[PDB]
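In structure tokens, one chain follows: the form deposited in one PDB entry.
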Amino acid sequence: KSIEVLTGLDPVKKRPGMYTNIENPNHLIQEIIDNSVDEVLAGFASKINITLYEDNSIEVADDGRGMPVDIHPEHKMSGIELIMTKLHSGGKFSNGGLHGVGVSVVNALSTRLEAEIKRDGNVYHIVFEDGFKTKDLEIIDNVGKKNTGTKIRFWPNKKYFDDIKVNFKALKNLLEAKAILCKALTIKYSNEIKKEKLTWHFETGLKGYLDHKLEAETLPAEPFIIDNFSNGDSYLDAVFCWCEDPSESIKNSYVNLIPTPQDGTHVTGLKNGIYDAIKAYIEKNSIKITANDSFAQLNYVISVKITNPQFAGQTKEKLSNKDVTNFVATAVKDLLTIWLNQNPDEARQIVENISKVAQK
């Protein structure tokens, strides 16, 4: 943290398009959910509950530690006020975005935002309007010391959005995706407009996912799974297979359950680790095959969980953390190598297909 920066929310209000997808409030919902997900990945939360109200407001609630309320000695303001009313950034050297900016973006772009925090046996409540605090942080009730979490309700400001109606189908798709990638999590959704409720919880995580999305035949017939590989503090889940029917193609990547549509170091890690294992298997067992060839017919889902994710690109949709490439590549190389060794009939066919890709 060589440079640390704190500003007001005016930049967000001036160019909402640089901080959110303004077609509807779905991206704002994703931002709040990403912050509760960080509690789940830290080990402190297991439940995220989403409510869509008839007044078009959205509420997200978790059972995490509860957003901090302590008065910051310098800024003279509770943690929750500081987090909500200011844009926080920093980095190693001087240089918006759809990720890595913070929940104050949601505050900036809402007419109203309420927060209830359960922490230390206290229920705290605070209110904001248009990104400014309008009701003081106050204790409104007591709870047991172990009854904890954060609940945020917000009313997107029509001034900044094409439509303030939440896109139900896209939200359900996003929730299902997150639940698939995180067996510690149960997500509940209540749509008060449609009168529907869903609950997701995937005990088996990604198992069967590619099978469901693809068939078409794949190699391996059973897509290859990497289950909760870790090196201490970073974690990797993945599934991949080759498919010669490019009718349907799945190539999805995430960091901390956040979709990374511009890929990044985790995807590069996967590509390299795969090429490394294919190259070593060909050599250990026998044209010029490249990483592009071994990657060309691959379908995958790759999900890394890391402590301080960094985003790059103008939209901040690409994971940039440099040490991730290495972490993923070694894991993939080693685990796939073991599988190829145990599965020579399918291994041979995978090699043949790749070598056919390379021949043009």
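When you see a residue number, it is the position in the sequence shown, counting from 1. Definition used throughout: the rigid core is the maximal C-alpha set that superposes within 1.5 Å between two forms.
Enquirer: For the other entries of this protein included in the comparison (both sides of the residue modelled), is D130 absent in a third of them or more?
Expert: In all of the other entries, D130 has coordinates.
Enquirer: As a check of understanding, is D163 unmodelled in at least a third of the other compared entries that model its flanking residues?
Expert: Across the other compared entries, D163 is absent from none.
Enquirer: Taking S247 and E248 as adjacent modelled residues, how many residues of the deposited sequence between them have no coordinates (none, 1 to 3, 4 to 9, 10 or more)?
Expert: Unmodelled stretch: none, continuous chain.
Enquirer: On average, are the C-alpha B-factors higher in 259 to 267 or in 224 to 232?
Expert: Higher mean C-alpha B-factor: 224 to 232.
Enquirer: Which wins on mean Cα temperature factor, 155 to 163 or 214 to 222?
Expert: According to the entry, 214 to 222 carries the higher average C-alpha B-factor.
Enquirer: Per the coordinate record, which of the options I140, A238, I187, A108 holds the highest CA temperature factor?
Expert: Within the set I140, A238, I187, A108, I140 shows the top C-alpha B-factor.
Enquirer: Highest CA temperature factor in the entry: which of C243, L98, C182, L198?
Expert: That would be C243, according to the entry.
Enquirer: Going by the recorded CA B-factors, say which third of the chain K172 sits in, lowest, middle or highest.
Expert: For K172, whose C-alpha B-factor we compare with every modelled residue in the chain, the answer is the lowest third.
Enquirer: Using the B-factors in the PDB entry, rank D293's C-alpha atom against the chain and give the third, lowest, middle or highest.
Expert: Highest third - that is where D293 ends up once the chain's C-alpha B-factors are sorted.
Enquirer: Please place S78 in the lowest, middle or highest third of its chain by C-alpha B factor as given in the entry.
Expert: Middle third of the chain for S78's C-alpha B-factor.
Enquirer: Please say which third, lowest, middle or highest, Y275 falls into when its CA temperature factor is compared across its chain.
Expert: Highest third - that is where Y275 ends up once the chain's C-alpha B-factors are sorted.
Enquirer: Within this chain's modelled residues, let me know which third the CA B factor of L113 belongs to: lowest, middle or highest.
Expert: Lowest third.
There is another form of the same protein, the form deposited in another entry; it is not shown, and what comes next is about it.
Enquirer: Please look at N157, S78, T148, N191 and say which one has a C-alpha shift reaching 2 Å or more between this form and the one not shown, core superposed.
Expert: The one that shifts is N157.
Enquirer: Answer yes if the Cα of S46 shifts by 2 angstroms or more between this form and the one not shown on a rigid-core superposition, and no otherwise.
Expert: Moves: no, less than 2 Å.
Enquirer: How about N122 - superposed on the rigid core, does its CA move between this form and the one not shown by 2 Å or more?
Expert: Comparing the forms between this form and the one not shown, which are aligned on their rigid core, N122 does not shift its C-alpha by 2 Å or more.
Enquirer: So that I can tell if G208 moves, could you say whether its C-alpha shifts by at least 2 Å between this form and the one not shown after the core superposition?
Expert: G208: C-alpha displaced by less than 2 Å between this form and the one not shown.
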